[PDB]
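Participant: Dropping in the first section of the assembly, placed as in the complex:
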Amino acid sequence: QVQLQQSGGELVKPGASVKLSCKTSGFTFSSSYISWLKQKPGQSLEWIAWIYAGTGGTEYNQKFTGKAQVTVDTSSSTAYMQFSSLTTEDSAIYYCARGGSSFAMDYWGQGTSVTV
Amino acid sequence: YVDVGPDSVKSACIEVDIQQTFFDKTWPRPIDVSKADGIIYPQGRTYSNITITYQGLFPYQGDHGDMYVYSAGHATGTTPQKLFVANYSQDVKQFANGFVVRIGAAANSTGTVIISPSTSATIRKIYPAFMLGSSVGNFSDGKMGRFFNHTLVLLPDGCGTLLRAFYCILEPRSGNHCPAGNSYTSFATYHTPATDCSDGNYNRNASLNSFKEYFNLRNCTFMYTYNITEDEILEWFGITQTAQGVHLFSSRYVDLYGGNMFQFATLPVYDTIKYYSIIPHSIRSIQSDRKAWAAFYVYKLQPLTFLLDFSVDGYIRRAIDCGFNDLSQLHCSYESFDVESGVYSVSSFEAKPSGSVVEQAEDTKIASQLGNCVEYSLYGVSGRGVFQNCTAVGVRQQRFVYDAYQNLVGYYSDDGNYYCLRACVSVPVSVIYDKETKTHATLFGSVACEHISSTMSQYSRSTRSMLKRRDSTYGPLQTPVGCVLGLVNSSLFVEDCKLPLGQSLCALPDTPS
């Protein structure tokens, strides 16, 4: 059984940074793309970035460039999403998912709540 | 920097199936300089009505070329699928002073469609794609052939109707089957003739756009387009690098129906190209639209001396690779072959050196090696030669005995032995040549036939094939003049062969049919 386990939420002020994480299991981490997405209540989901854990290669949604960094640590099977210079428009539930690129997103973490 | 358009928005790359066994065919298409194949017209001036001897960058006679095979991709018969390529992207070669390519060698012939060996089609000319640069290394997943910083890419597009020459930083994309993503083999370019080769509207960006699926183009310093007239004509094309830039040469604009290659463009690449490889390419055709493609051949250039025969129209229509054989060295020095006799002394056989002998009080066994031709260093005294166990000549205890010409005669070793030094021995050669029948035979003189065979590992010239044609079926024949191949014992007496061997011997020409 595939699982994606995210960290709990946090409250920060504008200008703050937040580091999100997503530990995964039930599959080889290094053989998968892990995507990070931003969602607000009542809204559709927007992709931020993906990383191929096996190469460390990434791709980003241009609206987040200069603010977001996606990274991995394959030794702990964990995907991370780092944001800096957060604003109030960044209060959202952030999600990790197994999928990215051409691969449909079959497995999702529970979501990490960040209020700025 | 240069705007070369937007990045591809595709989330993934096309999978590339590398299946070298299907491209493992034999079809050499060598350069024959006697018709001036592969000869690049000398730059800075012109001549006509003349034969000259010139040292410059040329391919050599008999170079078969590295064969590059492009092919149809996979298909369901209704739609194209994956790309199907040879393992060319990792085939990184030294650029040095440049290289040349023969394009469309098999054009208009019929042959295999490669992906399906039992299927044949009329063969079409396709232009080669290259990746070149000053530095190479590995990819993040361990694949070879990564070029660093700005890489020069020569990428034909528009189904062979334009050349895109560009110099950009290639930023690998991370999506599925891309150089920085999942399940990457080799990037390869492609076009899809079903939509890309529409008559009157070729997709002039089809191969550029596929390239862009694997790499983004960044900080481009240039991108130039050249147009290509579409035809199936045998074509010479090539590249060199100088202090002034990278020179692109072709027969296409100056000698389309001839083959002398001329410079047509220079690219502003001042970073010495040290490495290059062929970009693999696959055509996303369907089974019912599966064509055959001519392989292209790559031959290297190097500083060679050639005789170049310039016709009245200034084109080189013949050339002699002076060092190809013994007779060819003579032709260059003597201009032609029917000049006088063709019976001249020729370059000798060198010796063929062996591992060294080293001694010096101050890895095995190098104390001595007896013998044939060994390099040596004895108490600071150097040279190469064969040692012979022999009696001492003096003066004793002074180690090194020299001759009338101040050469080393012999040496007293620390093993208590005295050796005579004969330096190395060699095989002198002469050629008996008949300008009427266009044939020859050869002598090794004093060497005698006990040391003679039809093949040699000495050597005196790159090839002995003109003699082998007949000599491969004969042993050497020993005569009082010298040991000879291609002699045939006939027991005849003639007054004058016009090839006397001196003494009481004569080499008799055979009779024209």
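Facilitator: Sure, I can see it. Numbering: from 1, shown residues only, chains lettered A, B, ... in the order given.

Participant: show me what contacts residue B:48?
Facilitator: Neighbour list for residue B:48: B:310-314 [criterion: Cβ atoms under 8 Å, 6 or more residues apart in numbering or on different chains]. In this view, the C-beta of every residue, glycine as well, is placed from N, C-alpha and C.

Participant: Among those, name the ones in helices.
Facilitator: The members of those all map outside helices under DSSP state H.

Participant: Counting neighbours, which of the residues you listed comes out on top?
Facilitator: Using other Cβ atoms under 10 Å in any protein chain shown as the neighbour criterion, residue B:310 leads those with 21 neighbours.

Participant: can you pull the contacts of it?
Facilitator: Per Cβ under 8 Å, 6+ apart, neighbours of residue B:310: B:47-52, B:316-317.

Participant: Number of residues surrounding residue 92?
Facilitator: By default, I'm working from chain A. Each residue near residue A:92 was counted by other Cβ under 10 Å, and the total is 22.

Participant: wait, I meant chain B there
Facilitator: So residue B:92, with other Cβ under 10 Å, has 20 neighbours.

Participant: likewise the one 5 residues further on?
Facilitator: Around residue B:97 there are 16 other residues, counting by other Cβ under 10 Å.

Participant: Ok, residue B:168 next?
Facilitator: With other Cβ under 10 Å as criterion, residue B:168 counts 22.

Participant: That one contacts residue B:212, doesn't it?
Facilitator: No: Residue B:168 lies out of contact with residue B:212 (Cβ atoms under 8 Å); the separation is 10.3 Å.

Participant: for the stretch 151-300 of chain B, what spans make up the strands?
Facilitator: B:162-172, B:189-191, B:197-198, B:201-202, B:215-227, B:235-242, B:245-250, B:262-267, B:275-278, B:281-283, B:292-293, B:296-300 (DSSP state E, counting those that start in this stretch).

Participant: As JSON lines, the contacts of residue B:310 with distance to residue B:420 would be great.
Facilitator: What follows is those, written out as JSON lines (distance: Cβ to Cβ, whole Å):
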{"residue": "B:47", "distance to residue B:420": "55"}
{"residue": "B:48", "distance to residue B:420": "59"}
{"residue": "B:49", "distance to residue B:420": "58"}
{"residue": "B:50", "distance to residue B:420": "53"}
{"residue": "B:51", "distance to residue B:420": "49"}
{"residue": "B:52", "distance to residue B:420": "48"}
{"residue": "B:316", "distance to residue B:420": "53"}
{"residue": "B:317", "distance to residue B:420": "55"}
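
Participant: Name the nearest of those relative to residue B:180.
Facilitator: The shortest gap between residue B:180 and any of the contacts of residue B:310 belongs to residue B:316, at 47.6 Å (Cβ to Cβ).

Participant: before we move on, back to that, mind putting the strands of the stretch 151-300 of chain B into JSON lines with distance to residue B:152?
Facilitator: Shown next, in JSON lines, are the strands of the stretch 151-300 of chain B (distance: least, Cβ to Cβ, whole Å):
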{"stretch": "strand B:162-172", "distance to residue B:152": "5"}
{"stretch": "strand B:189-191", "distance to residue B:152": "15"}
{"stretch": "strand B:197-198", "distance to residue B:152": "26"}
{"stretch": "strand B:201-202", "distance to residue B:152": "24"}
{"stretch": "strand B:215-227", "distance to residue B:152": "9"}
{"stretch": "strand B:235-242", "distance to residue B:152": "10"}
{"stretch": "strand B:245-250", "distance to residue B:152": "7"}
{"stretch": "strand B:262-267", "distance to residue B:152": "7"}
{"stretch": "strand B:275-278", "distance to residue B:152": "8"}
{"stretch": "strand B:281-283", "distance to residue B:152": "17"}
{"stretch": "strand B:292-293", "distance to residue B:152": "24"}
{"stretch": "strand B:296-300", "distance to residue B:152": "16"}
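
Participant: Chain C comes next; put it on the structure above:
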Amino acid sequence: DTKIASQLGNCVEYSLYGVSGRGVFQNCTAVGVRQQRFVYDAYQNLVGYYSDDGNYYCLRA
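Facilitator: One more chain to add, chain C, which I have set with the ones above:
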């Protein structure tokens, strides 16, 4: 400054694409190679030149 495109002729100094010398030009038929501009003889001397006016001139020094 004009007319120095050509002057035929007797003995004129010249400079053509970096190639210098002095001589008389003659209107004559082309010898090759075409498009390489300057044709030289057996002694490496200039024989003739393809001008930008479309003409080929023979040089007799």
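
Participant: and the contacts of residue B:48, now that chain C is part of it?
Facilitator: B:310-314, C:31-33, C:39.

Participant: Between which two of those residues is the distance greatest?
Facilitator: It's B:311 and C:39 that sit farthest apart of these, by Cβ to Cβ, at 13.0 Å.

Participant: Any idea which residue of chain B lies closest to chain C?
Facilitator: The nearest approach of chain B to chain C comes at residue B:314, 2.4 Å away (Cβ to the nearest Cβ).

Participant: contacting residues for the residue sitting nearest the centre point of chain A?
Facilitator: Centroid-nearest residue in chain A, with Cα atoms, centre = their mean: residue A:36, separated by 2.9 Å. By Cβ under 8 Å, 6+ apart, the contact set of residue A:36 is A:20, A:22, A:47-50, A:68, A:70, A:79, A:81, A:94-97.

Participant: Would you tell me what helix or strand it is located in?
Facilitator: In the assignment (DSSP states H and E), residue A:36 maps to strand A:33-39.

Participant: That strand: which residues count as buried?
Facilitator: Burial within strand A:33-39, assessed by neighbour count using 16 or more other Cβ atoms under 10 Å in any protein chain shown, is assigned to A:33-38.

Participant: which one of these is nearest chain B?
Facilitator: For the buried residues of strand A:33-39, the nearest to chain B is residue A:33 (6.8 Å; Cβ to the nearest Cβ).

Participant: So which residues on the stretch 201-350 of chain B come close to chain C?
Facilitator: B:254, B:260, B:262, B:310-315 (Cβ under 8 Å from any Cβ of the partner chain).

Participant: got the CA coordinates for stretch B:180-190 in PDB?
Facilitator: The C-alpha trace of stretch B:180-190 is given here as PDB (Å, rounded to 0.1, in the frame of the first residue of the first chain):
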ATOM      1  CA  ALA B 180      17.300  14.800 -16.200                       C
ATOM      2  CA  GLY B 181      14.200  12.500 -15.700                       C
ATOM      3  CA  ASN B 182      12.800   9.000 -15.400                       C
ATOM      4  CA  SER B 183      13.900   6.200 -17.800                       C
ATOM      5  CA  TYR B 184      16.300   8.100 -20.000                       C
ATOM      6  CA  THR B 185      18.300   6.300 -22.600                       C
ATOM      7  CA  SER B 186      19.500   8.800 -25.200                       C
ATOM      8  CA  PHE B 187      17.800  11.900 -26.400                       C
ATOM      9  CA  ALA B 188      17.200  11.700 -30.100                       C
ATOM     10  CA  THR B 189      15.700  14.000 -32.500                       C
ATOM     11  CA  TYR B 190      12.800  13.300 -34.800                       C
END
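
Participant: So which bits of it are buried?
Facilitator: Using 16+ other Cβ under 10 Å as the test for burial, stretch B:180-190 gives B:180-182, B:184-190.

Participant: now stretch A:64-74
Facilitator: Buried positions in stretch A:64-74, judged by neighbour count with 16+ other Cβ under 10 Å: A:64, A:67-70, A:72.

Participant: build in chain D:
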Amino acid sequence: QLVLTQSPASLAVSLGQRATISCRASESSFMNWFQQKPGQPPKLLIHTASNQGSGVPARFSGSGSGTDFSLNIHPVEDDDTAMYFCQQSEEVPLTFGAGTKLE
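Facilitator: Alright, chain D goes in next:
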């Protein structure tokens, strides 16, 4: 990226009835369908227009090409109250449509 429009905005389907939800792309076929139950992340239901996702019941059947895609949920359970979304994975940035609310 690709912008998606969904229709209906919402629909009520009784237990045992079929729910038809459609998506229209502004342009053009790796269209995926997701189900986001209240309090949950989206779950994949359909991929590449018609294929079932991992662990997805046969009750969820998709189709589509070009710019026009659909999902047929049959039968609908009360437990299928969720937002249904189309997502486009062919191009990057990856995108989701507004979503349809199924009750």
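
Participant: The contacts of residue A:36 again please, this time with chain D.
Facilitator: Residue A:36 sits next to A:20, A:22, A:47-50, A:68, A:70, A:79, A:81, A:94-97 when contact means Cβ under 8 Å, 6+ apart.

Participant: in the sheet, who's paired with the nearest residue to residue B:237 once chain neighbours are set aside?
Facilitator: In this structure, residue B:237 finds its nearest non-sequential neighbour in residue B:250, 4.7 Å apart by Cβ to Cβ, 6 or more residues apart in numbering or on different chains. Beta-bridge partners of residue B:250, counted by DSSP bridges, are residue B:237, residue B:262.

Participant: quick one: residue B:250 and residue B:266, what's the gap?
Facilitator: The spacing between residue B:250 and residue B:266, counted by Cβ to Cβ, to the nearest Å, is 13 Å.

Participant: Show me which of the two is the more surrounded one.
Facilitator: Between residue B:250 and residue B:266, counted using other Cβ under 10 Å, residue B:250 has the larger neighbour count: 24 against 15.

Participant: and the residue in the stretch 101-250 of chain B that chain D sits nearest to, what does it touch?
Facilitator: Going by Cβ to the nearest Cβ, chain D is nearest to residue B:175 of the stretch 101-250 of chain B, at 6.9 Å. By Cβ under 8 Å, 6+ apart, the contact list for residue B:175 reads A:59, A:101-102, B:10-13, B:181, D:92.

Participant: burial count for residue 76?
Facilitator: Looking at chain A here, since you left the chain open. Residue A:76: 12 neighbours (other Cβ under 10 Å).

Participant: switch to chain D, that's the one I care about
Facilitator: Burial of residue D:76 is recorded as 21 neighbouring residues (other Cβ under 10 Å).

Participant: before we move on, what about the one 4 residues further on?
Facilitator: Residues near residue D:80, counting by other Cβ under 10 Å, number 19.

Participant: Please apply the same query to the one 4 residues further on.
Facilitator: The local packing of residue D:84 (other Cβ under 10 Å) involves 26 other residues.

Participant: Surely it forms part of a strand?
Facilitator: Yes: Residue D:84: assigned to a strand according to DSSP: H, G, I helix; E, B strand; the rest coil.

Participant: what pairs with it across the strands?
Facilitator: As for beta bridges, residue D:84 partners with residue D:35, residue D:100 under DSSP bridges.

Participant: Up against chain A, what does chain D have?
Facilitator: D:1, D:30, D:32, D:34, D:41-44, D:47-48, D:53-55, D:85, D:87, D:89-90, D:92-99.

Participant: switch to 7 Å and redo it
Facilitator: Applying Cβ under 7 Å from any Cβ of the partner chain, one finds that chain D approaches chain A through D:30, D:32, D:41-44, D:47, D:53-54, D:85, D:89, D:92-99.

Participant: restrict those to contacts with chain B.
Facilitator: Near chain B, by the rule Cβ under 7 Å from any Cβ, you find D:89, D:92, D:94 out of the residues of chain D next to chain A.
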